[PDB]
Amino acid sequence: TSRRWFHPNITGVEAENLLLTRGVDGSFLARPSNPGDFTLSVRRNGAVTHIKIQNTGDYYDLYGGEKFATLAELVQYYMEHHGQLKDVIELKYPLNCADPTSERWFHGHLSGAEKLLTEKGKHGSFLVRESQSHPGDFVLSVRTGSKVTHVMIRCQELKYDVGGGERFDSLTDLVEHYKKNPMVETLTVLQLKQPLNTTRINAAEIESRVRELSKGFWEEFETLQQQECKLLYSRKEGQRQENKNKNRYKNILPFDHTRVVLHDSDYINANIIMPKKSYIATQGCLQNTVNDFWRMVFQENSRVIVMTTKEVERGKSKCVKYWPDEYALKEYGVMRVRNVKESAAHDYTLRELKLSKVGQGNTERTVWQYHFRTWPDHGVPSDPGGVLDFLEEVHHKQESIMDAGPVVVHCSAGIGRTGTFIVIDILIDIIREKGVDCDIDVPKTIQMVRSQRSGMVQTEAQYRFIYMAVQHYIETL
Ligand SMILES: Cn1c(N2CCC(C)(CN)CC2)nn2ccc(-c3cccc(Cl)c3Cl)c2c1=O
């Protein structure tokens, strides 16, 4: 599923009309509805059924169905599990979209781009802009090296062409056709390697980009959201019968190739995040997986834990208590943990824990638990100062420990708030070491982490909050 079934700016009225006139029974599509909710419109018996999907920051909650990490994994799960979307709603045919506003190469209204392709381009860098001469047409500009070649795209009766050959129904179809079958000039091969990178900016001009995005963020986010279809890696171990009861959410599973493997069964819903600092993104402990959680902490030689949720929020359980009370001592299987001391700030609480395996004495080490408590149940924090001060302390606690393993970060499902903290921590590590003269690329970093765990960064509110945190860290330096 190449995300073509998601229409970025279509109304519910238009969604029904597209299914009635250009779709048959079993045809479906997705659209953004309430800012933050989505809609799954499916055709059945000549009627259209609108299923609601809510995402407050933790997961995609399909009304009357299970909870998923991405909309692509949601569509994939139901296009292979017939009879589970209820009378049954079958997902057979994706009704594809033609709006190029979410494509990386589409820049819309742009002046005759020669500067952009020169100051920030390489061989194969290309873009598609609207034509300034003939209104309605488009232009495809490609850098080749040395030179910047322009190719007209004529629009004729809701179809697109480059002056000859096949007429396409979508600019995306035209671009995808010439990415594999490049145009050869009458003397040069206009290869469409990668789209022009207009998101890599200098750390000094981050405040100027936020100003341009604030009057913007939504368009860049859904451009990253469209590329999630390239991340449907296998999650087979989590689907095994022995591991079904080990996941808090049955359909939010770790990638097979990045999962943490235990050697003491070997399953735990967790993934290694590699961007010198590395991370472990996992879910909140279940009652029957606390013993496995401390197996992972001991195995990976982790000395810091970042908890970004309360045990109970909104009356619902997010994580069971896997740490002893202050001064207590508990055994979780073969692992013995003692709560040495608790230091409480405003936004968080530090818990100095000592973890060791039973029977072996010289295996003890201090594990520093950081429990962020002031995170809002609805949305993201207004000011990033508290989170920035929280991550700054966690970083210096990590750097003071020699040969310390990865940093364990978790919330509820371990993808929403967990991905936001880890991405912010990665971007700051560049600024703290390479100063302000470095380049940062927010959507590229999120895609790099989303390939290692399904659904890192869940909402646009978190996406904009990541930009605000980076901008705030610059201005206070
Ligand atoms: C050029 N560009 C654009 N713009 C072209 C499209 C927009 C909407 C103008 N109409 C904004 C600028 N938005 N954008 C969002 C994410 C990524 C991205 C970056 C690196 C890797 C990957 Cl996988 C992705 Cl998805 C990009 C991007 O590269």
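Cut-off values and rules
- Residues numbered from 1 in each chain as written, not as in the entry; some residues may be left out.
- Heavy atoms only, no water.
- Residues with missing side-chain atoms left out of burial classes, pairs and counts.
- UniProt positions renumbered as here; feature names shortened; annotations may be inferred.
- Buried < 20%, exposed > 50% of the residue type's maximum accessible area, 1.4 Å probe, protein only.
- Contact = heavy atoms within 4.5 Å.
- Pairing = 2+ DSSP bridges.
- Helix = DSSP H or I, 4+ residues; strand = E, 2+ residues; numbered from the N terminus.
- Domains from an automatic or database assignment.
- Nonpolar A, V, L, I, M, F, W, Y, C, P; charged D, E, K, R; others polar.
- Near = heavy atom within 4 Å.
- Polar contact = N/O pair within 3.5 Å; in protein donor to acceptor, adjacent residues only side chain to side chain.
- Areas by Shrake-Rupley, 256 points an atom, 1.4 Å probe, with all protein chains shown as cover.
- Axes fitted to C-alpha atoms, helices over the stretch in contact; angles between N-to-C directions.
- Left-handed = near helix turned anticlockwise from the far one by under 90°.
- Core = buried A, V, L, I, M, F, W, Y, C linked by side-chain atoms within 4.5 Å.
- Disulfide = S-S within 2.5 Å.
- Salt bridge = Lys/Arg side-chain N within 4 Å of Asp/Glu carboxyl O.

Going by the header, the method for this PDB entry is X-ray crystallography, and the resolution given is 3.0000 Å.

A. Layout of the UniProt feature "active site" in the protein chain. Here, the residues flagged by UniProt with the feature "active site" are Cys411. For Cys411, a relative accessible area of 2% gives the class buried. Apart from residues no more than four positions distant in its own chain, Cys411 is found in contact with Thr282, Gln283, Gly284, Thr308, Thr309, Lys318, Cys319, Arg417 and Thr418.

B. Spatial organisation of the sheet that holds strand β6 (residues 93-94). Spatially, β5-β4-β3-β2-β1-β6 is the arrangement adopted by the six strands of the open sheet, whose pairing is mixed. Of all the strands in the sheet, the pair left with one neighbour each is β5 (67-68) and β6. Sheet topology places strand β3 (residues 47-54) next to strand β4 (residues 60-62); two bridges connect them, and they run antiparallel. Across the sheet, residue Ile53 finds its bridge partner in β4, namely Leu62.

C. Local environment of the domain arrangement of the protein chain. Partitioning the protein chain into domains gives domain 1 (12-94) and domain 2 (216-475). The centre of domain 1, based on its C-alpha atoms, is set 30 Å off from the matching centre of domain 2. Of all the secondary-structure elements, those providing two or more residues to the side of domain 1 that touches domain 2 are β5 and α2 (71-78). Here the side of domain 1 that touches domain 2 gets five residues from one element, more than from any other, and that element is α2. Grouping the constituent residues of the side of domain 1 that touches domain 2 by class yields eight nonpolar, five polar and four charged.

D. Here's a closer look at the site of the ligand. In the vicinity of the ligand, 14 residues are found, and the nearest of them are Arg104, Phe106, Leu196, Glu219 and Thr223. At 3.0 Å from a nitrogen atom of the ligand is found a main-chain nitrogen or oxygen belonging to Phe106. Contact with the protein chains removes 89% of the 590 Å² of surface that the ligand exposes when unbound. Elements that contribute at least two residues to the shell around the ligand include exactly α6 (217-226) and α10 (442-450). The element best represented in the shell around the ligand is α6, accounting for four residues. A class-by-class count of the residues in the shell around the ligand yields four nonpolar, five polar and five charged.

E. Structural context of the sheet that holds strand β7 (residues 106-108). In spatial order, the strands read β7-β8-β9-β10-β11; together these five strands make up an open sheet with mixed pairing. Whereas interior strands pair on both sides, the edge strands pair on one side only; in this sheet they are β7 and β11 (160-161).

F. Examining the packing of helix α5 (residues 206-213) against helix α11 (residues 460-475) more closely. With their axes 9 Å apart at the nearest point, α5 and α11 run at an angle of 145° to one another. In this structure, the crossing between α5 and α11 has a hand that is left-handed. Contact with α5, carried on its side by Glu207, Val210 and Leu213, involves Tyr467, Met468 and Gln471 of α11 and no other residues of that element. Of the residues assigned to the contact of α5 with α11, the class counts are four nonpolar, one polar and one charged.

G. Inspection of the nonpolar core at higher detail. Of all hydrophobic cores here, the largest spans 54 residues; its most connected members are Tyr370, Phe390, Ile422, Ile424, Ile446, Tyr463 and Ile466. When residues in this core are grouped by element, the largest group, eight residues, is from helix α9 (residues 416-434). Among the nonpolar cores identified, the runner-up in size contains 24 residues, and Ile268, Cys285, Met296 and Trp323 belong to it.

H. The arrangement of the state of the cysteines in detail. As enumerated under the stated definition, the model contains zero disulfides in all. Unpaired in this structure, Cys97 has its nearest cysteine sulfur neighbour in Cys229, at a distance of 13 Å.

I. Geometry of the UniProt feature "binding site: substrate" in the protein chain. The UniProt entry lists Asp377, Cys411, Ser412, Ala413, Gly414, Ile415, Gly416, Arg417 and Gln458 under the feature "binding site: substrate", expressed in the numbering used here. Inspection of the secondary structure puts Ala413 in the loop between β24 (407-410) and α9. For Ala413, a relative accessible area of 3% corresponds to the buried category. If near-sequence neighbours (up to four positions away) are discounted, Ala413 is found in contact with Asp58, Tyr249, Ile252, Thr282, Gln283 and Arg453. Turning to its location among the elements, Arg417 is positioned in helix α9. Of the residues examined, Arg417 reaches a relative accessible area of 4% and is grouped as buried.

J. Representation of the pattern of salt bridges within the structure. Here the structure, examined in full by the defined rule, presents 18 salt bridges. Between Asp58 and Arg417 there is a salt bridge, with the nearest N and O atoms lying 3.8 Å from each other. According to the relative accessible area criterion, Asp58 is buried, its value standing at 12%. Shared partners join several salt bridges into a network, and the residues in it are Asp58, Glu313 and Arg417.

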